[PDB]
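Down below is the structure, laid out as structure tokens.
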Amino acid sequence: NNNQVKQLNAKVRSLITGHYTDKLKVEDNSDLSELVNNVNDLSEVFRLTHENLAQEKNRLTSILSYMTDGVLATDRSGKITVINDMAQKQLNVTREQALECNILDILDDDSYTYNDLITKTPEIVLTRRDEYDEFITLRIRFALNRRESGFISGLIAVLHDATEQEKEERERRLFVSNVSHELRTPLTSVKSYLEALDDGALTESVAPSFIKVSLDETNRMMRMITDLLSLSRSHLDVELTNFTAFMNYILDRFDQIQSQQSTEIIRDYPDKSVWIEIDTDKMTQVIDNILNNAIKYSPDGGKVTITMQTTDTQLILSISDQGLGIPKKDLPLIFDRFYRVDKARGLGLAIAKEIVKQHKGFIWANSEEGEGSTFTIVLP
Amino acid sequence: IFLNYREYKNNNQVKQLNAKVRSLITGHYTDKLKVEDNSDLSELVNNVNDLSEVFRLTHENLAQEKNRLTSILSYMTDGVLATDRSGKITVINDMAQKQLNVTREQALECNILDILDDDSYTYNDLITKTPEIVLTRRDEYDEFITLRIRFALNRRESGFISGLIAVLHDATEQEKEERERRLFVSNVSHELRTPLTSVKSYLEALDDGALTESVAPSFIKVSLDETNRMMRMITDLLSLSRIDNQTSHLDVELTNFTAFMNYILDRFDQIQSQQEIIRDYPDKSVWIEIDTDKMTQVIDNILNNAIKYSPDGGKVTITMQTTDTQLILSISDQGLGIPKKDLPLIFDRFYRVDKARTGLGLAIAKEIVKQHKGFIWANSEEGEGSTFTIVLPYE
């Protein structure tokens with residue numbers, strides 16, 4: 001009695017410090033025994049309601065945890081308040097790192113919390129939040145935490161990883177840029193031949209070949225197409241050919257092309273007869289492009305010097321020009337794949353370098369303003 | 001005699017206690033009690049007096065968390081829904097109720113397999129956890145939706161498997177872009193290849209043993225004109241490419257559009273006539289910042305369109321007026337016109353009613369206009385004929 005109060009007092013002090021405890025036994029039908037019964041029943045009742053509350057809260061945070069896409073939410077201000085695992089991985093971040101931070105702290109792309117809360121925007125970030133060169137492209141869409149009153153609790157962003165789709169896009173973008181750039185010169189050749197030859201179809205002293213080199217060129221352009229597609233969706237072939245003859249074919253093409261008619265001189269600096277195993281087509285591609293920008297960059301007429309010499313390291317072919325070529329800012333990048341697409345406005349010749357490397361060859365360049373550019377190709 | 005009093009006070013304190021605690025068991029909070037300072041019933045009364053505040057504090061905090069989470073998971077942009085070992089939808093948020101045109105109520109009467117006879121089971125959906133795609137109405141008017149649903153493995157606080165978690169992403173616009181871009185590259189291919197296989201089939205006749213005897217000049221004509229078509233096409237394609245890579249940006253300079261137009265149209269009457277009716281309207285200073293190069297691209301292209309659309313009577317009317325917020329340029333021709341079904345389609349790349357000859361051109365025009373923050377569209381009756389209208393900011 002005096003004791004039962006000590007005991008029950010104890011039980012309740014336990015319940016206070018969060019420590020649950022078994023029921024006390026109802027001794028008599030006393031009036032406080034009713035109180036003992038009531039405290040028992042309370043400890044149990046609130047126990048259930050508690051385990052239940054935590055059960056559902058947990059179910060929620062569980063869903064958010066094992067969820068596939070990334071989710072984060074912020075106060076009206078915009079400091080991160082919630083950020084799930086997935087979002088953490090996508091953004092290269094821990095909950096720790098994230099909670100002292102603000103959505104605007106995403107690559108500092110200069111948009112405002114109010115722009116955000118007004119427009120509930122659907123936009124796309126790009127970052128290397130993944131250690132090495134590996135990148136990730138994330139599409140983040142926003143929504144409001146609006147309460148019934150209209151009050152905005154904060155922001156709710158979902159981040160889908162679209163880092164692949166981005167790729168497939170730059171691949172096809174790439175294909176278009178390529179096919180448009182690479183068909184140019186063969187197309188201009190076929191033009192020049194059929195064009196000059198639209199007057200001079202007779203002159204069988206030239207016409208039989210004319211038609212044939214133009215035919216071979218449109219056939220080259222088709223095998224070109226298939227290649228360029230498969231590049232984002234290549235293949236090599238080789239035969240032994242007379243290389244001086246090669247350069248004379250290739251160069252005679254350009255020669256003809258310039259004879260009509262707007263507004264540069266190229267001199268063969270080989271000698272006569274060099275035999276080497278290569279792919280006619282793809283080598284023609286390489287030389288074609290190198291000559292392309294060689295002429296492109298050359299001011300006032302043209303100093304374009306094709307000088308090729310042979311040794312025991314075999315073929316060493318050089319193409320020299322005027323104008324400028326430096327700095328070492330552009331120099332190293334001009335051979336990298338996505339250059340032509342991701343640029344800021346050089347030329348191309350990545351595919352050139354690659355057709356050279358597939359020949360187990362080397363291809364470098366030196367160039368200085370008001371001196372010109374020299375490209376060099378080394379074949380086995 | 002005040003011993004009786006003491007008994008009274010105590011028992012009444014205990015009764016008061018049973019009041020408070022019985023009212024706790026029912027989940028209702030009542031005011032603190034009066035301490036018998038200093039009885040030992042004071043200690044108990046005060047203990048319950050605190051216990052209440054405890055239950056309440058904990059419950060309010062936990063509640064706040066649970067509700068933060070709850071709001072986040074429903075007001076979030078994507079469809080979310082959870083299930084149990086069965087697959088029966090246990091959870092579904094706003095966005096998902098919308099994407100699926102259902103209600104939490106009628107939705108929870110559903111199991112996850114309940115879609116278009118999907119042909120997948122829970123027992124093989126938990127293993128693969130792999131995402132896939134459904135196209136469904138589930139939305140209002142003339143429109144249909146497409147959902148990318150990524151499945152995920154749900155679990156408890158213990159290792160055990162709770163059920164499934166599906167996120168549904170309304171990705172119809174994305175899907176649309178993707179599709180049309182694909183068709184774009186496909187087009188570039190077919191479109192360049194077929195002139196090639198054409199010119200190749202000709203030159204191949206001009207060598208296989210038919211070289212320059214009977215139809216030669218005509219084969220050189222065909223082949224030449226065709227390779228020039230491929231030339232122009234590849235030029236257009238380069239331009240569009242620059243536009244797609246956001247490299248091709250504008251260069252604007254405040255110009256008198258009325259004069260610009262006269263220059264351009266003189267230039268045009270020129271470059272045209274060798275082997276058509278051009279009618280001018282403006283006649284007054286219309287100062288507007290444009291990129292003369294690009295804008296000339298546009299106008300020249302639309303004029304050429306007008307031409308490719310006429311028998312010989314042309315009748316191209318350039319008519320351009322100015323409201324207080326816009327310059328309205330319009331190029332009208334009494335030609336064939338355009339099917340109302342091709343009408344919303346003609347500015348598409350490599351889209352042609354029937355060619356018959358490009359073939360982008362019109363696309364470039366639209367894109368440049370859009371670059372000026374303007375608009376352009378077609379109208380047609382098939383008689384009289386098609387007319388294109390461009391809208392540009394101010395003057």
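A note on labels: chains of the structure tokens are A, B, ... as shown, every chain counts residues from 1, and ligands are counted from 1 in their shown order.
For residue 190 (chain A), the set of protein, DNA and RNA residues having any atom at most 10 Å away, when counting only C-alpha atoms and skipping those fewer than 5 positions along the same chain, is residues 185, 195, 210, 211, 213, 214, 215, 216, 217, 218, 253 and 257 of chain A; 199, 223, 224, 227 and 228 of chain B.
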Using only N, CA and C atoms, please write the residues we just selected to a file, as a tab-separated table (two decimals), in the first residue's frame.
```
chain	number	residue	atom	x	y	z
A	185	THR	N	34.76	16.83	-99.44
A	185	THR	CA	35.79	16.84	-100.49
A	185	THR	C	35.63	15.81	-101.61
A	195	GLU	N	31.62	18.11	-113.82
A	195	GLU	CA	31.33	19.49	-114.15
A	195	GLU	C	32.20	19.98	-115.30
A	210	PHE	N	38.06	9.95	-116.26
A	210	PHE	CA	37.24	10.89	-115.51
A	210	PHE	C	36.04	10.19	-114.88
A	211	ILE	N	35.21	9.59	-115.72
A	211	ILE	CA	34.04	8.86	-115.25
A	211	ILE	C	34.40	7.82	-114.20
A	213	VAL	N	37.17	7.64	-112.05
A	213	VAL	CA	37.60	8.20	-110.77
A	213	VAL	C	36.41	8.81	-110.01
A	214	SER	N	35.45	9.35	-110.74
A	214	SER	CA	34.24	9.87	-110.12
A	214	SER	C	33.37	8.73	-109.60
A	215	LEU	N	33.30	7.64	-110.36
A	215	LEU	CA	32.56	6.45	-109.93
A	215	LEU	C	33.17	5.88	-108.65
A	216	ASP	N	34.49	5.68	-108.69
A	216	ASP	CA	35.21	5.15	-107.54
A	216	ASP	C	35.02	6.03	-106.32
A	217	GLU	N	34.79	7.32	-106.55
A	217	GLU	CA	34.66	8.29	-105.47
A	217	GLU	C	33.27	8.25	-104.80
A	218	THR	N	32.23	8.02	-105.59
A	218	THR	CA	30.89	7.89	-105.03
A	218	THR	C	30.73	6.54	-104.32
A	253	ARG	N	43.17	14.93	-107.86
A	253	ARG	CA	41.79	15.27	-107.50
A	253	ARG	C	41.66	16.75	-107.11
A	257	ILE	N	39.98	20.05	-108.88
A	257	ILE	CA	39.00	20.82	-108.12
A	257	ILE	C	39.24	22.33	-108.18
B	199	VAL	N	23.76	8.21	-108.55
B	199	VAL	CA	24.92	8.68	-109.30
B	199	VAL	C	25.88	7.53	-109.60
B	223	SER	N	23.78	13.13	-113.27
B	223	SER	CA	24.77	12.93	-112.22
B	223	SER	C	25.24	14.24	-111.60
B	224	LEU	N	25.52	15.23	-112.43
B	224	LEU	CA	25.98	16.52	-111.93
B	224	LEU	C	24.93	17.19	-111.04
B	227	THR	N	24.67	15.44	-107.74
B	227	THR	CA	25.78	15.65	-106.81
B	227	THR	C	25.76	17.07	-106.24
B	228	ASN	N	25.19	18.01	-107.00
B	228	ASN	CA	24.96	19.36	-106.50
B	228	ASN	C	23.81	19.40	-105.48
```
Legend entry - Interface residues on chain B facing chain A, 7 Å, only C-alpha atoms, written as JSON, numbers by chain: {"B": [14, 18, 21, 22, 25, 44, 47, 51, 54, 66, 69, 72, 75, 76, 77, 150, 152, 153, 154, 165, 185, 193, 196, 200, 203, 204, 206, 207, 212, 217, 220, 224, 227, 231, 234, 237, 238, 241, 245, 247]}
Residue selection dump (N, CA, C and O atoms) as a compact mmCIF listing (two decimals), in the first residue's frame:
```txt
# COMPACT_ATOMS: atom_id res chain seq x y z
N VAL B 14 -5.75 10.60 -5.57
CA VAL B 14 -5.70 9.35 -6.32
C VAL B 14 -6.78 9.30 -7.38
O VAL B 14 -6.55 8.86 -8.51
N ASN B 18 -6.37 8.88 -11.41
CA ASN B 18 -7.09 7.97 -12.30
C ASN B 18 -7.78 8.73 -13.42
O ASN B 18 -7.90 8.23 -14.54
N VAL B 21 -4.74 9.69 -15.92
CA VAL B 21 -4.22 8.49 -16.58
C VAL B 21 -5.24 7.78 -17.47
O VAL B 21 -4.90 7.33 -18.57
N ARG B 22 -6.47 7.65 -17.00
CA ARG B 22 -7.53 7.08 -17.83
C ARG B 22 -7.69 7.93 -19.08
O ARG B 22 -7.95 7.42 -20.17
N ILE B 25 -4.80 7.01 -21.47
CA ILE B 25 -5.07 5.76 -22.18
C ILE B 25 -5.93 5.98 -23.41
O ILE B 25 -5.84 5.24 -24.39
N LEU B 44 4.43 10.98 -6.77
CA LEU B 44 3.73 10.24 -7.82
C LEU B 44 3.00 11.21 -8.75
O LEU B 44 3.28 11.26 -9.95
N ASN B 47 5.19 12.70 -10.93
CA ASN B 47 5.75 11.73 -11.86
C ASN B 47 4.87 11.52 -13.08
O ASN B 47 5.35 11.56 -14.21
N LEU B 51 5.55 12.27 -16.95
CA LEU B 51 5.28 11.19 -17.89
C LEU B 51 4.40 11.64 -19.04
O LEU B 51 4.67 11.34 -20.20
N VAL B 54 6.26 13.66 -21.41
CA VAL B 54 7.17 12.78 -22.13
C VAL B 54 6.48 12.09 -23.31
O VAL B 54 6.86 12.30 -24.47
N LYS B 66 7.54 11.54 -39.42
CA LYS B 66 6.66 10.75 -40.26
C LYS B 66 5.90 11.60 -41.27
O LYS B 66 5.67 11.18 -42.40
N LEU B 69 8.30 13.11 -44.07
CA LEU B 69 8.48 12.04 -45.04
C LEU B 69 7.24 11.87 -45.90
O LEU B 69 7.31 11.91 -47.13
N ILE B 72 6.79 14.67 -48.45
CA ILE B 72 7.83 14.53 -49.47
C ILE B 72 7.47 13.47 -50.50
O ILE B 72 7.59 13.69 -51.70
N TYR B 75 4.08 14.77 -52.69
CA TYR B 75 4.21 15.99 -53.48
C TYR B 75 5.40 15.91 -54.45
O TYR B 75 5.61 16.82 -55.25
N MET B 76 6.14 14.81 -54.38
CA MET B 76 7.29 14.61 -55.25
C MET B 76 6.85 14.40 -56.70
O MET B 76 5.74 13.95 -56.95
N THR B 77 7.74 14.71 -57.63
CA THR B 77 7.40 14.79 -59.05
C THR B 77 7.02 13.47 -59.71
O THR B 77 6.23 13.46 -60.64
N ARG B 150 10.53 1.97 -63.05
CA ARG B 150 11.67 1.27 -62.49
C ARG B 150 11.31 0.54 -61.20
O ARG B 150 10.89 1.16 -60.22
N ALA B 152 12.13 -1.77 -57.78
CA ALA B 152 13.17 -1.84 -56.76
C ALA B 152 12.78 -2.79 -55.64
O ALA B 152 11.59 -2.96 -55.35
N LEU B 153 13.77 -3.40 -55.01
CA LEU B 153 13.52 -4.37 -53.95
C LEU B 153 13.34 -3.70 -52.60
O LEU B 153 14.26 -3.06 -52.09
N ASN B 154 12.15 -3.84 -52.03
CA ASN B 154 11.83 -3.25 -50.73
C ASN B 154 12.07 -4.23 -49.58
O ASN B 154 11.87 -5.43 -49.73
N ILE B 165 8.84 -1.80 -54.80
CA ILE B 165 8.75 -0.36 -54.93
C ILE B 165 8.89 0.02 -56.39
O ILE B 165 9.93 -0.22 -57.00
N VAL B 185 18.57 10.67 -87.84
CA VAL B 185 19.79 10.04 -88.37
C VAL B 185 19.45 9.01 -89.45
O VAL B 185 20.08 8.99 -90.51
N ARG B 193 22.44 8.26 -99.06
CA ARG B 193 22.77 7.02 -99.76
C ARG B 193 22.09 6.91 -101.12
O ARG B 193 22.73 6.55 -102.11
N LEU B 196 23.56 8.77 -103.88
CA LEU B 196 24.83 8.10 -104.15
C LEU B 196 24.63 6.88 -105.04
O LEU B 196 25.22 6.78 -106.11
N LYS B 200 25.95 6.55 -108.71
CA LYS B 200 26.83 5.40 -108.91
C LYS B 200 26.27 4.50 -110.01
O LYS B 200 27.03 3.94 -110.80
N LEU B 203 27.08 6.60 -113.46
CA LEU B 203 28.50 6.52 -113.79
C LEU B 203 28.93 5.08 -114.05
O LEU B 203 29.87 4.83 -114.80
N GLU B 204 28.22 4.14 -113.43
CA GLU B 204 28.53 2.72 -113.58
C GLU B 204 28.06 2.21 -114.94
O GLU B 204 28.60 1.24 -115.47
N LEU B 206 28.13 4.38 -117.44
CA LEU B 206 29.03 5.16 -118.29
C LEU B 206 30.44 4.59 -118.31
O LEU B 206 31.37 5.23 -118.79
N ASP B 207 30.59 3.38 -117.78
CA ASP B 207 31.88 2.72 -117.76
C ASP B 207 31.78 1.22 -118.04
O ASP B 207 32.62 0.65 -118.74
N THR B 212 29.93 7.31 -122.99
CA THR B 212 29.80 8.36 -124.00
C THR B 212 29.56 7.89 -125.44
O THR B 212 30.47 7.91 -126.28
N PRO B 217 25.75 13.03 -122.47
CA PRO B 217 25.58 14.36 -121.87
C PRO B 217 24.45 14.39 -120.85
O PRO B 217 24.50 15.15 -119.88
N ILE B 220 25.73 12.85 -117.61
CA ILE B 220 26.57 13.83 -116.93
C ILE B 220 25.70 14.92 -116.32
O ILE B 220 26.02 15.46 -115.26
N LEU B 224 25.52 15.23 -112.43
CA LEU B 224 25.98 16.52 -111.93
C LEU B 224 24.93 17.19 -111.04
O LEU B 224 25.20 17.51 -109.88
N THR B 227 24.67 15.44 -107.74
CA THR B 227 25.78 15.65 -106.81
C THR B 227 25.76 17.07 -106.24
O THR B 227 26.25 17.32 -105.13
N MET B 231 25.44 18.19 -102.48
CA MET B 231 26.23 19.33 -102.02
C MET B 231 25.39 20.22 -101.11
O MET B 231 25.69 20.38 -99.92
N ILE B 234 24.19 18.63 -97.90
CA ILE B 234 25.24 18.50 -96.89
C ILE B 234 25.56 19.84 -96.24
O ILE B 234 25.95 19.90 -95.07
N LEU B 237 22.70 20.39 -93.84
CA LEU B 237 22.94 19.49 -92.73
C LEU B 237 24.02 20.00 -91.79
O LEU B 237 23.93 19.83 -90.58
N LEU B 238 25.06 20.62 -92.35
CA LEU B 238 26.08 21.20 -91.50
C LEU B 238 25.47 22.32 -90.67
O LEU B 238 25.70 22.41 -89.46
N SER B 241 23.42 21.08 -88.03
CA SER B 241 24.29 20.44 -87.05
C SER B 241 24.79 21.49 -86.06
O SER B 241 24.68 21.31 -84.85
N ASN B 245 24.11 21.56 -81.97
CA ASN B 245 25.19 21.56 -80.99
C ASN B 245 25.33 22.89 -80.26
O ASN B 245 26.33 23.13 -79.59
N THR B 247 26.29 25.58 -81.29
CA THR B 247 27.47 26.32 -81.70
C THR B 247 27.01 27.49 -82.54
O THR B 247 27.51 28.61 -82.41
```
Residues near region 334-346 of chain B, cut-off 10 Å, only C-alpha atoms, skip fewer than 6 positions along chain, as a PDB file with N, CA, C and O atoms, in the first residue's frame:
```pdb
ATOM      1  N   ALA B 306       8.153  28.587-102.218  1.00  0.00           N
ATOM      2  CA  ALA B 306       7.156  29.167-103.115  1.00  0.00           C
ATOM      3  C   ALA B 306       7.359  28.785-104.580  1.00  0.00           C
ATOM      4  O   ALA B 306       6.397  28.486-105.293  1.00  0.00           O
ATOM      5  N   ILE B 307       8.610  28.806-105.025  1.00  0.00           N
ATOM      6  CA  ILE B 307       8.918  28.422-106.399  1.00  0.00           C
ATOM      7  C   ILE B 307       8.669  26.937-106.654  1.00  0.00           C
ATOM      8  O   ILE B 307       7.946  26.563-107.579  1.00  0.00           O
ATOM      9  N   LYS B 308       9.259  26.089-105.823  1.00  0.00           N
ATOM     10  CA  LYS B 308       9.077  24.649-105.949  1.00  0.00           C
ATOM     11  C   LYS B 308       7.588  24.301-105.848  1.00  0.00           C
ATOM     12  O   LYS B 308       7.172  23.177-106.123  1.00  0.00           O
ATOM     13  N   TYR B 309       6.766  25.273-105.470  1.00  0.00           N
ATOM     14  CA  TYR B 309       5.324  25.024-105.359  1.00  0.00           C
ATOM     15  C   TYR B 309       4.483  25.593-106.489  1.00  0.00           C
ATOM     16  O   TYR B 309       3.260  25.486-106.438  1.00  0.00           O
ATOM     17  N   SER B 310       5.099  26.192-107.504  1.00  0.00           N
ATOM     18  CA  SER B 310       4.284  26.807-108.560  1.00  0.00           C
ATOM     19  C   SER B 310       4.477  26.252-109.978  1.00  0.00           C
ATOM     20  O   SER B 310       5.576  25.826-110.338  1.00  0.00           O
ATOM     21  N   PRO B 311       3.405  26.274-110.798  1.00  0.00           N
ATOM     22  CA  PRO B 311       3.502  25.804-112.193  1.00  0.00           C
ATOM     23  C   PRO B 311       4.432  26.667-113.039  1.00  0.00           C
ATOM     24  O   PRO B 311       5.459  26.192-113.528  1.00  0.00           O
ATOM     25  N   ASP B 312       4.050  27.926-113.223  1.00  0.00           N
ATOM     26  CA  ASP B 312       4.873  28.881-113.946  1.00  0.00           C
ATOM     27  C   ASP B 312       4.385  30.296-113.676  1.00  0.00           C
ATOM     28  O   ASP B 312       5.109  31.266-113.903  1.00  0.00           O
ATOM     29  N   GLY B 313       3.152  30.403-113.184  1.00  0.00           N
ATOM     30  CA  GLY B 313       2.545  31.688-112.892  1.00  0.00           C
ATOM     31  C   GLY B 313       2.978  32.242-111.550  1.00  0.00           C
ATOM     32  O   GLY B 313       2.594  33.348-111.173  1.00  0.00           O
ATOM     33  N   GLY B 314       3.779  31.468-110.827  1.00  0.00           N
ATOM     34  CA  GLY B 314       4.312  31.897-109.548  1.00  0.00           C
ATOM     35  C   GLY B 314       3.325  32.702-108.724  1.00  0.00           C
ATOM     36  O   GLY B 314       2.505  32.138-108.001  1.00  0.00           O
ATOM     37  N   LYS B 315       3.410  34.024-108.840  1.00  0.00           N
ATOM     38  CA  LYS B 315       2.584  34.942-108.060  1.00  0.00           C
ATOM     39  C   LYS B 315       2.999  35.021-106.590  1.00  0.00           C
ATOM     40  O   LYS B 315       2.149  35.130-105.704  1.00  0.00           O
ATOM     41  N   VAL B 316       4.297  34.985-106.323  1.00  0.00           N
ATOM     42  CA  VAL B 316       4.759  35.092-104.947  1.00  0.00           C
ATOM     43  C   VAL B 316       4.586  36.509-104.424  1.00  0.00           C
ATOM     44  O   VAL B 316       5.150  37.454-104.962  1.00  0.00           O
ATOM     45  N   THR B 317       3.805  36.644-103.365  1.00  0.00           N
ATOM     46  CA  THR B 317       3.556  37.923-102.739  1.00  0.00           C
ATOM     47  C   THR B 317       4.245  37.996-101.382  1.00  0.00           C
ATOM     48  O   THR B 317       3.846  37.319-100.434  1.00  0.00           O
ATOM     49  N   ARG B 352       8.604  16.090 -96.783  1.00  0.00           N
ATOM     50  CA  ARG B 352       8.205  16.568 -98.092  1.00  0.00           C
ATOM     51  C   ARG B 352       6.828  16.007 -98.423  1.00  0.00           C
ATOM     52  O   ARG B 352       6.568  14.826 -98.194  1.00  0.00           O
ATOM     53  N   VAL B 353       5.943  16.854 -98.938  1.00  0.00           N
ATOM     54  CA  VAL B 353       4.656  16.383 -99.431  1.00  0.00           C
ATOM     55  C   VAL B 353       4.927  15.306-100.473  1.00  0.00           C
ATOM     56  O   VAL B 353       4.554  14.146-100.297  1.00  0.00           O
ATOM     57  N   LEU B 360      15.763  19.897 -96.297  1.00  0.00           N
ATOM     58  CA  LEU B 360      15.659  20.349 -94.920  1.00  0.00           C
ATOM     59  C   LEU B 360      15.165  21.780 -94.961  1.00  0.00           C
ATOM     60  O   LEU B 360      14.008  22.056 -94.631  1.00  0.00           O
ATOM     61  N   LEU B 362      13.357  24.348 -95.197  1.00  0.00           N
ATOM     62  CA  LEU B 362      12.266  24.845 -94.373  1.00  0.00           C
ATOM     63  C   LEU B 362      12.560  24.712 -92.871  1.00  0.00           C
ATOM     64  O   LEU B 362      12.319  25.646 -92.089  1.00  0.00           O
ATOM     65  N   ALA B 363      13.074  23.547 -92.476  1.00  0.00           N
ATOM     66  CA  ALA B 363      13.553  23.323 -91.111  1.00  0.00           C
ATOM     67  C   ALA B 363      14.510  24.422 -90.659  1.00  0.00           C
ATOM     68  O   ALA B 363      14.274  25.074 -89.642  1.00  0.00           O
ATOM     69  N   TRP B 377       4.719  29.775 -89.406  1.00  0.00           N
ATOM     70  CA  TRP B 377       3.766  28.687 -89.649  1.00  0.00           C
ATOM     71  C   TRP B 377       3.215  28.725 -91.069  1.00  0.00           C
ATOM     72  O   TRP B 377       3.400  29.704 -91.790  1.00  0.00           O
ATOM     73  N   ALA B 378       2.546  27.651 -91.472  1.00  0.00           N
ATOM     74  CA  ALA B 378       1.999  27.573 -92.818  1.00  0.00           C
ATOM     75  C   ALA B 378       0.482  27.605 -92.797  1.00  0.00           C
ATOM     76  O   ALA B 378      -0.145  27.222 -91.811  1.00  0.00           O
ATOM     77  N   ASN B 379      -0.103  28.087 -93.887  1.00  0.00           N
ATOM     78  CA  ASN B 379      -1.538  27.971 -94.091  1.00  0.00           C
ATOM     79  C   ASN B 379      -1.763  27.511 -95.521  1.00  0.00           C
ATOM     80  O   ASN B 379      -0.957  27.809 -96.393  1.00  0.00           O
ATOM     81  N   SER B 380      -2.833  26.769 -95.773  1.00  0.00           N
ATOM     82  CA  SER B 380      -3.092  26.311 -97.133  1.00  0.00           C
ATOM     83  C   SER B 380      -4.548  25.937 -97.390  1.00  0.00           C
ATOM     84  O   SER B 380      -5.241  25.432 -96.508  1.00  0.00           O
ATOM     85  N   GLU B 381      -4.998  26.199 -98.613  1.00  0.00           N
ATOM     86  CA  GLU B 381      -6.333  25.818 -99.047  1.00  0.00           C
ATOM     87  C   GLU B 381      -6.231  24.811-100.185  1.00  0.00           C
ATOM     88  O   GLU B 381      -7.238  24.252-100.625  1.00  0.00           O
ATOM     89  N   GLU B 382      -5.003  24.585-100.649  1.00  0.00           N
ATOM     90  CA  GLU B 382      -4.750  23.872-101.899  1.00  0.00           C
ATOM     91  C   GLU B 382      -5.327  24.665-103.067  1.00  0.00           C
ATOM     92  O   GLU B 382      -5.234  24.260-104.224  1.00  0.00           O
ATOM     93  N   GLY B 383      -5.918  25.808-102.743  1.00  0.00           N
ATOM     94  CA  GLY B 383      -6.447  26.726-103.729  1.00  0.00           C
ATOM     95  C   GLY B 383      -7.164  27.853-103.013  1.00  0.00           C
ATOM     96  O   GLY B 383      -8.217  27.628-102.420  1.00  0.00           O
ATOM     97  N   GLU B 384      -6.619  29.067-103.073  1.00  0.00           N
ATOM     98  CA  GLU B 384      -5.449  29.396-103.893  1.00  0.00           C
ATOM     99  C   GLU B 384      -4.202  28.546-103.638  1.00  0.00           C
ATOM    100  O   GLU B 384      -3.835  27.722-104.470  1.00  0.00           O
ATOM    101  N   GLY B 385      -3.552  28.742-102.498  1.00  0.00           N
ATOM    102  CA  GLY B 385      -2.304  28.046-102.256  1.00  0.00           C
ATOM    103  C   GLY B 385      -1.678  28.335-100.909  1.00  0.00           C
ATOM    104  O   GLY B 385      -2.209  29.110-100.112  1.00  0.00           O
ATOM    105  N   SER B 386      -0.534  27.706-100.661  1.00  0.00           N
ATOM    106  CA  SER B 386       0.129  27.810 -99.368  1.00  0.00           C
ATOM    107  C   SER B 386       0.733  29.193 -99.129  1.00  0.00           C
ATOM    108  O   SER B 386       1.165  29.863-100.063  1.00  0.00           O
ATOM    109  N   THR B 387       0.745  29.613 -97.867  1.00  0.00           N
ATOM    110  CA  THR B 387       1.397  30.854 -97.466  1.00  0.00           C
ATOM    111  C   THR B 387       2.057  30.728 -96.088  1.00  0.00           C
ATOM    112  O   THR B 387       1.435  30.259 -95.124  1.00  0.00           O
TER     113      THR B 387
END
```
Write out as a PDB file with C-alpha atoms, in the first residue's frame all residues of region 334-377 of chain A that backbone DSSP assigns to helix (DSSP H, G or I).
```
ATOM      1  CA  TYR A 339      36.174  17.446 -81.003  1.00  0.00           C
ATOM      2  CA  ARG A 340      34.139  18.408 -84.085  1.00  0.00           C
ATOM      3  CA  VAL A 341      30.910  18.255 -82.037  1.00  0.00           C
ATOM      4  CA  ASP A 342      31.841  19.582 -78.564  1.00  0.00           C
ATOM      5  CA  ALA A 350      40.592  12.676 -85.496  1.00  0.00           C
ATOM      6  CA  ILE A 351      39.346   9.957 -87.833  1.00  0.00           C
ATOM      7  CA  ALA A 352      42.482  10.635 -89.868  1.00  0.00           C
ATOM      8  CA  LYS A 353      44.748   9.961 -86.913  1.00  0.00           C
ATOM      9  CA  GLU A 354      42.762   6.829 -86.155  1.00  0.00           C
ATOM     10  CA  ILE A 355      42.984   5.472 -89.699  1.00  0.00           C
ATOM     11  CA  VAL A 356      46.723   6.097 -89.314  1.00  0.00           C
ATOM     12  CA  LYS A 357      46.897   4.245 -85.983  1.00  0.00           C
TER      13      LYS A 357
END
```
Legend entry - Shell of 7 Å around residue 318 (chain A), only C-alpha atoms, local chain residues under 2 positions omitted, as a VMD selection string: chain A and resid 306 to 308 316 320 374 to 377
Using the selection just defined, write its residues with C-alpha atoms as a PDB file, in the first residue's frame.
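What follows is the written file selection_39.pdb:
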```
ATOM      1  CA  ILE A 306      53.512  17.446 -99.748  1.00  0.00           C
ATOM      2  CA  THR A 307      56.985  16.029 -99.104  1.00  0.00           C
ATOM      3  CA  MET A 308      57.336  12.292 -98.512  1.00  0.00           C
ATOM      4  CA  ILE A 316      57.514   9.370 -93.808  1.00  0.00           C
ATOM      5  CA  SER A 320      53.267  21.733 -94.882  1.00  0.00           C
ATOM      6  CA  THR A 374      53.409  20.673 -90.705  1.00  0.00           C
ATOM      7  CA  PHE A 375      51.601  17.378 -90.307  1.00  0.00           C
ATOM      8  CA  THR A 376      53.654  14.219 -90.366  1.00  0.00           C
ATOM      9  CA  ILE A 377      52.557  10.639 -90.972  1.00  0.00           C
TER      10      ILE A 377
END
```
Inset, instruction - Identify which of the residues A:134, A:196, A:287, A:110 lies closest to residue 261 (chain A), counting only C-alpha atoms when measuring atom-to-atom distances. - result: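 Result for the nearest residue to residue 261 (chain A): A:196.
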Inset, instruction - Go through B:36, B:305, B:376, B:108 and flag the residue nearest residue 9 (chain B), using only C-alpha atoms for the distances. - result: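 Checking each of B:36, B:305, B:376, B:108 against residue 9 (chain B), counting only C-alpha atoms, the winner is B:36.
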